[PDB]
Each structure stands twice: as C-alpha cells, then as structure tokens.
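Visitor: Residue numbers (the entry's author numbering), protein chains in the order written: chain Z, 1213 to 1298; chain S, 435 to 780; chain R, 2 to 1298. Cβ coordinates follow ideal geometry from the N, Cα and C atoms, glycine included.
(1) Who are the near neighbours of residue 580 (chain S) in its chain, counting only those whose CB is closer than 6 Å to its CB and skipping five residues on each side?
(2) From the beta carbon of residue 583 (chain S), is the nearest beta carbon of chain R less than 8 Å away?
(3) Are the C-beta of residue 719 (chain S) and some C-beta of chain R separated by less than 8 Å?
(4) Is the beta carbon of residue 1165 (chain R) sitting closer than 8 Å to the one on residue 1181 (chain R)?
(5) Give every residue of the same chain whose Cβ lies closer than 7 Å to the Cβ of residue 717 (chain S), excluding the five residues on either side of it in the sequence, and list them in chain order.
(6) Can you give the Cα-Cα distance for residue 1285 (chain Z) and residue 1298 (chain Z), rounded to whole angstroms?
(7) Helix, strand or coil for residue 1027 (chain R)? Go by DSSP, reduced to three states.
(8) With a threshold of 16 other CB atoms inside 10 Å of the CB of residue 403 (chain R), please say whether the residue is buried or exposed.
(9) Which runs of the beta strand (DSSP E) spanning at least 3 residues fall entirely within the segment 477-540 of chain R, listed in chain order?
(10) Return the first residue and the last residue of the alpha helix (DSSP H) that residue 691 (chain R) is part of.
(11) Return helix, strand or coil for residue 914 (chain R), following the three-state DSSP convention.
(12) Since residue 1269 (chain Z) meets chain R, which of its residues come closer than 8 Å, beta carbon to beta carbon?
(13) For a contact meaning CB atoms closer than 7 Å, what does residue 736 (chain S) contact in chain Z?
(14) Is it buried or exposed for residue 952 (chain R), if we count other Cβ within 10 angstroms and need 16 for buried?
(15) Got a sec: does the ligand FAD put a non-hydrogen atom nearer than 7 Å to the Cβ of residue 291 (chain R)?
(16) Applying a beta-carbon distance threshold of less than 7 Å, which residues of chain R neighbour residue 782 (chain S)?
(17) Please work out which residues of its chain come closer than 7 Å, Cβ to Cβ, to residue 459 (chain S), disregarding the five sequence neighbours upstream and downstream, and give them in chain order.
(18) Taking its Cβ as the centre, do 16 or more other Cβ atoms sit within 10 Å of residue 1206 (chain R), making it buried, or is it exposed?
(19) By Cβ distance, which residues of its chain are closer than 8 Å to residue 481 (chain R), with the 5 residues on each side in sequence left out?
(20) Is residue 813 (chain R) near residue 1000 (chain R), with beta carbons less than 8 Å apart?
(21) Looking at the unbroken alpha helix (DSSP H) that takes in residue 89 (chain R), where does it start and where does it end?
(22) Beta-carbon separation of residue 1271 (chain Z) and residue 1224 (chain R) under 8 Å?
(23) Between S:722, S:769, S:657, which lies nearest to residue 622 (chain S) when the distance is taken from Cα to Cα?
(24) Can you grab the Cα-Cα spacing for the pair residue 1254 (chain R) / residue 1237 (chain R), in whole Å?
(25) Report the option in S:469, S:489, S:454, S:472 whose CA atom is closest to the CA atom of residue 438 (chain S).
(26) When burial is assigned at 16 or more other CB atoms within 10 Å of the CB, is residue 646 (chain R) buried or exposed?
(27) Using a Cβ-Cβ cut-off of 7 Å (strictly less than) and excluding sequence neighbours within five positions of residue 639 (chain S), which residues of its own chain qualify?
(28) If you run the structure through DSSP and keep just helix, strand and coil, what is residue 227 (chain R)?
(29) Within 10 angstroms of the Cβ of residue 552 (chain R), are there 16 or more other Cβ atoms? Answer buried if so, exposed if not.
(30) Using DSSP with H/G/I as helix, E/B as strand and the rest coil, what is residue 947 (chain R)?
(31) From residue 409 (chain R) to residue 781 (chain R), what does the alpha carbon distance come to, in whole angstroms?
(32) Mind checking who residue 655 (chain S) pairs with in its DSSP beta bridge?
(33) For the segment 620-651 of chain R, which residues have a beta carbon sitting closer than 8 Å to at least one beta carbon of chain Z?
(34) Under 8 Å, CB to CB, which of the residues in the segment 936-952 of chain R have a partner in chain Z?
(35) Taking residue 1209 (chain R) as the reference, which of R:1243, R:1168, R:1230 has the closest Cα?
(36) Comparing the C-beta of residue 1259 (chain Z) with each C-beta of chain S, is any distance below 8 Å?
Structure representation (structure tokens):
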C-alpha cells in the first residue's frame, strides 16, 4: 500500500560520519536532479555535475555507481577535505 | 453535495485461508423493486457532476502508491504502456473519459507519465471497437484499466452477469505483460463469482486488493491484480469476508435512510416522513384571546415541526397580505408530538 | 425488432407510478396570473432569437391553452413584442374581474374547476362576455368531479360551450400560437402538428360509459375519433379531429387525425426513452387510440401504420435513436418517412376496438379501468431493461474482427459481396512520401583500387520503358508538395561546408569566397531566384562561410545573365561554381546527345573555377560512356572527387564534386565508383517494384489494382446469427478481403433510412491470407448491432495522413525477409514461436506450407476456416520444457519474442537460448531464424528508440516503455558454436538498398525518407540470426580479421562446377569461378582444392563490415554458406613527451614523437563548438618525420585552461574516426623563474591577466605603454595566427577569459 507508512527511522549515525582526509574518498550528486559543486578546503574544486574534461590531478571516475540513483556515477578523490554546494 | 467515503482492503496480505463457499452473498431482497427504486432515487439526489471522473481519480490515486512487496519499488514507471480497456464513452462534453487529460498531463501526484494510451470498448471514438467477452487480437500492455459494466446485458440475471464478469476478467489478465497490473470493475461481488475467480486465475498475479469508492449507494467494487505472472498463489481469505460484510452493511444502512424520502413527482400529501407542513393566513390578528383561530393554527403547526426550523413570510397582494408559516416534518417531530398531552400556545 | 421503417432496441422501459391530479386553488391561480413575467409561467417561446427581440412560435400552458382565438387574430397575427404587451394587459384585467367578485380573503381555499376556468378565460380575451361562467368557477373535489359539477346545469350555456345531462362539448384549445412571420416551409421551424389553427378538433367530455356509447353513436359517420385510455387529463373525453389536412409535413401523406396520432406516438417513445423508477408521471401511455371508422385489416395509410406502432409502444419499447425534445418540421418529416417505408407490420398484439392488450412481463402497470387486459404473444423477443444513447462520432469508426463458429463457402461469400459492393469506386491517393531524404556519399579519390571505365555497370536496358517511366512519374506526384530543389541544394551545401583539403587539413571554402550559381536560376516557385541563396547570404547553413558575392547564369535567370553553358563563355572565374544544370530538356532519351551535353557542361564548369577552387555538377544519367570521356579529358583538372546522391524521388541523377582545381591532377576510375553505381541502380529497381502495386490517378477502382479499396453499403441492416442473413454474409465476405488491414465503419442518416458502409484497403498480403482460407468465417455481430450512433461519411483515401514510426519500418523489413525465406521449396513444415493471437504469419507464407503457431493466449481466429493439415495452433508457453510434447517440425522461428520471453523468465539471453535450441533440435528441426537483440556494429544508443544499459545488459524501448535483456555478439556466437559445432551461422539486417519497401508502400502506409538511416541503425541493434544445421560452417584463418590484410577462407564443397558470390551492404561485391573472379573490395583469388573438397578464397578486404557468401550451381537456387566480419584498424594513437627540462617555454617550442598507424592522418585541432577546428601550425604541428609522425608544439600560459586534440584527417571530415585529447598540455605548469608567453585563447577569445593576484593586463587591449619587462613576441604562436603572443619576463599569472 505504501512505503514508510507505519514506521520510518532516520539513520542519524550516517549524518555524523567524519571523513578521513588522509584517504581516498567518494563524491556524487545527492538527488535525481541534484546539481552540486565541490570546494576543496575553501578552494573551489569541481562542478560535480559537469567535472572539467581535464580532471583535477588524482581524481577519477569511480566504477560502482553508489550515487543516490544509479544513473549518476561517483567520482573518487585521492585525499583532502571538501564542501558541498548543492 | 459531493466527495466520497472510500475504503481499501488488502486481500493478499491476510494469511488466514477462508474457503470461498462460505462467503456471504448478495441479500435476498437486493433486487426487490422498492430497494431498486430507492437506489435509483439516491442516484438522482447527488449533486450533478461527472461520476466516473471522481471514481477513476480515486482508483488512480491508489495505483500511484502501489509498490511491489519483494523489492519495494513502484509497480508503475514513466513511459509505461496503458490501455483504457474500459469503455471510453465520450463522457458528457468530451469525446473520451476526462481522466485521460490529467494522466497525460501528470496532474495526478505521484503518478508517472505513460508513453501511450489506447482505448477499447463499445462506445469508443479514438480507439477500436470489440467485445471483451471473447479472444482479442490486441497485443499487450503494462497497465490494463478495465472499467466495464456488466449490467448492460443482464439486469438481474446473476448467472449471466457472472459469466460476463469472469470472461472479461480473463481477457483483461491476458492483455497484461509480465509484471504488469490490471484492474477490473465488478458490479456484483457474488460468491459464485468469487468461486470461479480462484478456480481459474489463482496463479496469474502476485497480489490483490479491493478498492471501493462510494459515490452513490452501489455494491460495485474494483479488483486490482498486481504483478502479472504465471505462478501466483492467490486464495480466498478472511479479509475478503470482512470487506464483504462491511460493504453490505453500508448498503443496508443507506437504504434505511432513503426510506424517509418521498419520490419526485408526488405532491406532498402528508404521508411521507420528510414532508413539509405549511399554513397560510390572510391579514391575521394574533392575540392571547381564546379561540383566536390564527393563534390556534399557529400553535398546531409549530407542534408538528418543533425540532426543525420554523420559517415565516409576509407577501403583500394588491389587497390583503398573505402570511405563510412552514417547516419540515420529521420522525423526530413525530416522537416529540407523541410526548405531548396538550398543545402549548405561543 | 423493426416496424416498417422504425428501428427498435430489444429492451423495455417505462415509469412505474402515476401522479394523482389536484385542482388549482383560487389563490394560487391569482399568483400565476399576477406573475411579474408570464413567459415561462403561462407561455413559452420555442423560437426566440436573442439577436432580435422576436420569436415566432409560442407554446401555451393550462390556464391559457384552452383559448381558441377568433379568426380576426388568426388572419392578421401580431409580433412578439405586441404579444407580450397584449398578454400582460389581458391577464391583469382578467384578475380584476375575478377579484371584483369573490373577494380573496373569503375564497382563497376554494378549488377552481379547470374546465370552467379555461372556457371563461378563453372567451375573455376573445372579447366576449363571461358572466355565465363566473357563477360556477368553483367545485368541491371531494364531492364531485370537475365534469359532474358542471352536468348539474344541462343546457346550452353558450354557443361554444354546450352541456347535456351527461356530457360537455367545446372546441379544443390551441396548444401553439404562431406570431407574425411564421413559415412552415422553413425546415428548422418548430413543429406544431396544426394545433395552432383555431378549430383543429373538438372534445367531448363524458361522465360515464353509457354516455360514451351515446356519443360514439352520433360520431360514427364522420372522421376517426381518438381517445386516451390511461389518464384523460381533466376527465374522460373523446376528441374529434378536423377532417382536413395540414400543409408542409410530408408529400401530402397526411390528414389531421394522422398528425395527432403520429405526434402522440413520438411522445410515447420519448417518455419510454427517459422514464425512471424514482419519478411519478401523469400518464404511462401517451398514445391515442382510434375508436371509429377504422380498418384493422390494412396497413397502407399513415393512420393505420401509426396505430399498429402505438399498440406496440405501450409495452414500453424504445427507438434506436433519440428524438428531439422540441421537434422541428424536418424531424417530423424524417419520422413519417420512415413510418411510410416498405416493411412488415408488427402483429404481436392485435388491434381491438376499445380495449388494449399488455404483456404481463412488461414494466407497464395497468390502471383500474376496464380498457386494459393482459395478453400472451407467442414469440415476443423483448426484455425489460434500460438503454442509454451515445452521442454521435466525428470520425469513421474502426472495428476488430471477432468470429462465431459459423462459416460460409466461398461462392456464397462472393455473390453476397458482388451485389452489395460499390464495385467501381472513386478514391483519392493522398501523399505517400511525406518528406525527408535518404542521402548517401561516396568518396571516389580515396579508393586506390584502379578499375577500368569500360567495365562499369551501365543503365538498365528497360530504364526508358514506358511503364517504368510512367511509374517514375507517378512516384513524383505522390511526394508531398514542397520545393524539391531547396531540399536538394541544402543537402549538397551541407556536405560542402564540411569539405576539407586532404593535404593541409583546412576547409576548402573560406569567408568572402566568390561563388557563381552556374545552375539555372529559374525563379523557383514564389521567388525570383533559388531560395537556397537566402540561406547562403544569411549564413543560415551551419559551418558554411559567407560568400563575398554570388552570380547567376542559365536560361531562366532574372538577376544575372543569359548564356548557353555548352559553349565557351565570356566570364571571369570563381572560387565555387555550382552547376545545377539539367540535361534532359533537349534530350528525352537520346543518350549520346545527353552525354555530349553533360561532357561539354562539365568542361565549361571546370574552366570557370579558379586554381584551388571547387566545382559541382548535377548529372542526369551516369552512363559508362559518360564516365569514359570524363577520365579521357578532365583527369588532371582537380585533386579529388566525390559523389553526393540525395534521394527525393526515384531518380538516377547524381552530383559530382571536384575539389582542388589544379592543372596536374591524377583522377582515375576506381572500384568505389562501381560500388556506388551498383547500389544506386539497386535502389531504383527496388522503388520501381514497390510502385507497381499503386493504381494511377484518374482510373476508378475497378478491382484490378493490388492496393485498391473494397467497400460494402447496406441500408438499415439487421445483422443476426440467422442463416443466410444477407448483411451478415456480405460483412463476412468483405472482411475476408481486408483482414491484415484496418476495417472502417460508418453510419450516415438519410432523410429516411440510414446508410451503413464498411470498407478497408485490399493488399497483396490480404490476397495471401484469403488464399489460405478454405471457408469464410462468420463474425460476432454484437459489436456492430450495438452501434446506434451516427458518423461522418467515409473518406476512401489510399495513404494515411501521418508517416509511420521507425519501429514499423523494421517490422516490415523483417516481414519482407521472412516472406522471401519461406519460399524455399525444401521446407515441409514450420513451427512459429510466440505468435500473436492474431496469426499474422499466415499472411506472409505461401499457402502450400504446413504451419504450426503458438502463444500463451488463445488464438483470435476461427481455426475451423482452415485445412487442419496445413495449419495448427497450440496454446502454451514455449519457455517451459513441458511445452515440447509431440512437437514435430523441420524448421522454426521466433521474431520479436525472444527478448520479451527472456525478460519474463527473468534471465539473460545466453542462458535462455541454451536451454531452448536443444529442444528445437529434439523436435526434429534443422534450421531456424531467430531475432536476437544485440549490437553487431557498435554499442550506441538511439536517442529515444533504444537505450542501452550497461550496469546490466538490458535495452530500454521508447524511453523505457519496454525493457529486455541483451547479449554481446562475439560471446553469443561462441556460445552457439558450443551448442552446435557443425551448423552454419549468418546475420541479417535491413538492407540499405530498400528492397523491403513494397511492404511499406504496397500496404498503403506513408513514409518519411529521413527516418531510413535510423531504421537501419535500429536493425543493426536487433539483428536476425540464421542458423542452419544441414550444411558445414564457414571458417577463416585470422579470426580477428583485421582490415587491409590477406586472409584465407575455406568453403568445403563437393562441386568445382559451382559458382560463388559475396555480398556487402545488400549488394554483391565478389563473384565468379575458380578460373576467374571479379571483386570490388580488394584482391581476391579463388581456387578449388579437390583433395580437401573445398573452395579456397584468398582475400585482402579494403573496407570493413559484414560480408555474407553464397554458392550456386546451374540447376539450383543460391545457397547461403555463412558470413564473416572484417574489423577496422585499432584506434590507439600514442604520444611520447620530453622531460620538464625540455619543456620549451622559449620561442622555439619542443617536439614530441607520435606512435600511430599510417592509416590515420593526423592534425592538431580544437573542439571549439562540438566540432574540431584545425589550429594554426605555429603553436602545434604534426611533424612529417621520415620514419614516423612527430609533434612539435610551443607552450603558452593559456594551455592549461583549454583542450586540444589529435584528430583524424579525411576530406569528408576532421576528427571523425578518432580524436585524441592531448592531455599533457592541459596540465603543464610554467616556471616562474623564466620568460614566458601569453596570448588570446580563441578567435574572439578576450582575456585578461592577473600576476600573482595582482591585476596585470587586458591581453586584448594591453596598456599602450606596456608594463615593464613585457614585450610583443615575434612568432604568432596564438590559437590563430592573427593574434600575437606577448612575452612576460617572469612571474606567475592567471587567465580570466
């Protein structure tokens, strides 16, 4: 009849996860039409919707989709800390 | 004035098996002249609008929420193929059922846009003519919406109606692709009909519900088969019995209410329960004097209406002024009047 | 259920309770008369025109409708405005009289006698005294009837109101009043049935039955007396109509009595059509009934017929068509016309003089009187039930056949058809081709394979036969109207805009180029010059530069000069010469004359081009004689040559294009030319075959054409399952002639009967299906007999209004393939998998072949109509193993079913087929055609038709309407080979030769040419795999099969006498014998090795793609022997770079070595706008070093922000086949400690510099006195040579662009 009707529990732990700067990390768009852009430590990084054809050094297109919807791919970043403007 | 008080019953969800032969059946008097007459009378009393538009909208509201149980994703999807197998009948001012405009426009929230829509039946214009009781050279679709009447060739001949219903159900299923969904309107959910349903189509779908909009007093229902497949295991279960019992209860309840209403053409000679009583006086002179006829008539009429409102008018003619006092008489007023031993003066 | 010309539905309905009468109270009467407006209260206008303030026909209401106007009013009617004034005056005056006597306060409760009130009021406005009536205005309803109250005074009250001891006589009041301007001749005027006349009848009220008898005795000698039995309004009464007639209602078929009956009958029908159980009514039976001077024995006058219908109407019958609430004269005429039509009279209920019989099962309820009695007809067909009416349809209807178990012999079908068909018919063609072009281009100079001109294919011998020429002209008409030249020119100029020189990879054309439209500017259509010039001058064509000026020449010019192009010309010269000249205008079929004209014009056209220019020429007839002279004379006048062939209508004309006008060219006749010509003639032959089915224009459709229309017309048909029912027989016969096509249906109401027409298109497919029949099945009539609407009249047009979608094209192509394949004489049976319930395969197969078809759903066709030995239908699911029990065949097929079945089974293709094919082999099958969906040529989604999924191997159809799995071809073929090692395999797709057209045009479906390329691509994604186990398979040594390389192919065979052929793109490319063989795809050597019983073919393919091979011997058809694929060379270009110490930021930039195949010529380009544009050499250049190509380039501060590519070089396009990003330059830093370089990045690329966060310079407009240390560099080194570079002494800078 419906999804999440009787109960719907937020996974709050994921909302608080800290990403280790010293490791390769993962990024993708958050919604079905969720345009987003990245800012590496205050420095503008990438329009994740349309990353530059000359990608920033070390970043790559990830194999598994892992986005909100499988249509979007993920992009792996070698290290660092980044922002999410959506 | 409008609106609908609908209800939905998931049948496949109930694990309690219940033999179909023990289902409740149509009441014996259901096709008595009087009950049929009241049924028609109620149909007139509803405010004028497009009955099918509201009825269809309610069903599609449910369908937009339908989600497969195994993988928790909506059964429908954008660009899905739909056949309005129900009789597209140039309803009212339009040449096709009005709900199609909303569907094509995405007006219904949560409902995806179909890639194309095809129409069938007897009264189509933008489609093809055919009888749904036989085999059909029609291909297949993802959604089959079978809004077909059965009464148009069977007034009260139940076995004839049952055969029509069963036949139409079979063809409707046959037009659905694997994993598709089909709905069917049934005029008379008869235990004989239910018997054949599980005798034949028990394996053709994964899940089943009952959608029951109420626009006027009627026993018709909407079946909905989800997950068109080959190896289903549908059974008659106690949920079905509960739904039927609740359904007939409402139908009886409404009929009892209608009994108080008079029919249309008859002038209100004071035999109906819900009639109107009125008194007319010309240049009346009310006073506390004994035997003052205007006072007596006034008190008498009031005693027949008290629980309801009392209306009053003064209309000047070219000569005298005509006064009229009136109100609705009800069975409540009768009870109150029975309590009286004498009529009080106003 | 029909009476004369009246049609009746089989359901009965009528109301169920009678409303009792109540007299009017005195006060209420005054209120009605005192109403501020009497319209809608006392009278109503049926005819009001709001534009004016006028109406012409008025309907009256009880207080007034008793009036009979004096003749002075009748002979001189007043208008509506006077009427409303007159009534309001009289009503008020009448009230005053009624109130001058009988003061209201003492009389409000009393009941008025309706009869007295009507008579009194009627006299009053007749200006006649009424005093007598006022004494008897009231009566006590509880004590007497309104009649008996009057009979208390039995004498002649007045001349128009006479009362006996038992009865009252008075003229009947006028129910309608006609104002000034009334005209019965106007068919739209409301009908009145003559009641407007003051004395149309006379009523006799009676108090008791003996009085009724007494009255009838007097009236027996006059006209027919009528009476209502059910509810006689104010009381029981006879009425005597006037003995005359009324004008305008029919062809004088009428007397007054008949009019009263027929209108009464209409009212009875209307009530039955809308009575409801919830509503009481004043009277169940609205019919009149004759009681004097009547013949029950005859039915040859209106009155008799109306009576016979009325006796039936009382039972509660309804008409098939609704009747208006306010009938007009036209409506009544139609009713009477039908009533007077020839037909049987009903005889279920007999007439009886003064008693009416009713069916006890009818919903009718009798009143208390003795005038009604129950009765039992023996075979009454009706039943109780409601029936609603559907509004009419604006479109002709379509139906889908459904059959009963009955069938009919062919002869009966034919004779039933031949006397009901519109055998000679007038039709319209419409337009077959809606628009678009199928265009193809052939580079000729690119092919190195020399081919002598004398061996070129030539024009077919019949190409100028009258019939083919006639069809050629017919096709020209059938294209939708537009500017042929506009589209044709646009296609060519699209190619020219992309033309690029091969040596230096720059576009041949340039801005401000000089152009001469040497072709005949001919004031085309509405313009004075060819319309394409407007686009050219405006730069509308993308990628095409603007010419500096345009000059025009020819015979039909206006804005130019006249001259003959066959001679020397006194002209200058131009960069582009566009020679769109016809040759046929002076040579209809004289080829040598045409050849001389073509050659001469070609020579002059070349002579007008400057060096390095480009010229094009349209050639009507590419004749081998023409080609011979071309290379005899102009072989050195240009560098390159192509062939551009747009197809707008079926024609053999082509466009030559000579690039690089120069003196020392080396053009040759080469195999590319031969390939193009063979393909060209193939299409023309294919198109001609399709057109053969189409009839010419003026000929009426006598049934000799293939694509004709068949129609049958019936008047008031009565379909039934009864034997020999002619409408049913004709219906079944016509359907049998159309089945594969759609079936149309119409109902048009004439003034009398309704004409029904059923029609559809006959096709050769229908002929094949009809040949399969042994008997004609009968149809189920419910769908048709239920249709009671009216429709628009038929259309009878051959081609629809809208082009078919791409999917249909693919379906037709595969139908064409199957239809051909099933002609093999060595097939004895066939099993079809996944047939539709409609067994469409029957239309494709020759009737002599045994067929078994299957589906989960039941078949849609009466299997009894076929020979069971030749056809069989099995209901089941061939996904299950249980399906194969007793299944025997020699061959099988499955088209457009496998992927769906696999999706339903929830599995991939490979697993699905692996468990399927063995069962077919087990069933004795030998060969099969299977429609697998897989990318044969490349993985590329069609933007909306098919989306290819990769994370799972799935196709998406129509944006996800349908979803199916897929597999890759190579793994699939290996899997198949594993299952069957000794079977041959081959692939089939839509041919670019369009041989499948007759299955699109010949079936009457329109088309758009531009879709064809997509359809082919669609087929490339959904090939048909042909598996054959009765022949050994093909084999080749270098399995990867690389291009341009020697490969050996073995075809084991027993006869050295056999002959071989190989095809590519649907045309033979190699063929011959081991002794001698001819090829147009590279070196080919054919030998037969008897010791191995093989033909050996050694081959060096010069082009990629699918190649299929056949063997043939003199007494046999050609035999397929598998197919093979040739792969293109690899796309891997690699660059090799210097160390950072050799990153030359100096003026002399550094150099990088390129490692690549020589097959791809390369140049440095910029992906500016979706297309690569070649960069100027002074920033980067591919180096033609002797051992290999290298890459010199220079470094500039713009490089990191831009992208540049090594692009494939072809004269057709730049970077088409490969385009490799030169990634290093995108990400190379610049040393701060050195002099550096900067310039603008684009042709109009404004830029500004920011030195280390400090604004530095607007590089577009740098400071007039430059910042210290910077200088203008010597070498350009910018993106384009026009911009200079600026050298900066040191530092780090930004680029804002």
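Guide: Let's see:
(1) 519, 520, 606, 618
(2) no
(3) no
(4) yes
(5) 754, 755
(6) 16 Å
(7) strand
(8) buried
(9) 514-521
(10) 672-692
(11) helix
(12) 1228
(13) Result: empty, since nearest Cβ-Cβ is about 54 Å, beyond 7 Å.
(14) exposed
(15) Absence of the ligand FAD is noted for the structure shown, with no ligands found whatsoever.
(16) Missing from the structure shown is residue 782 (chain S); chain S here goes from 435 to 780 and no further.
(17) 624, 625
(18) buried
(19) 432, 434, 435, 436
(20) yes
(21) 81-101
(22) no
(23) S:657
(24) 17 Å
(25) S:489
(26) buried
(27) 659, 660, 661, 662, 663, 666, 668
(28) strand
(29) buried
(30) strand
(31) 14 Å
(32) S:620
(33) none
(34) 952
(35) R:1168
(36) no
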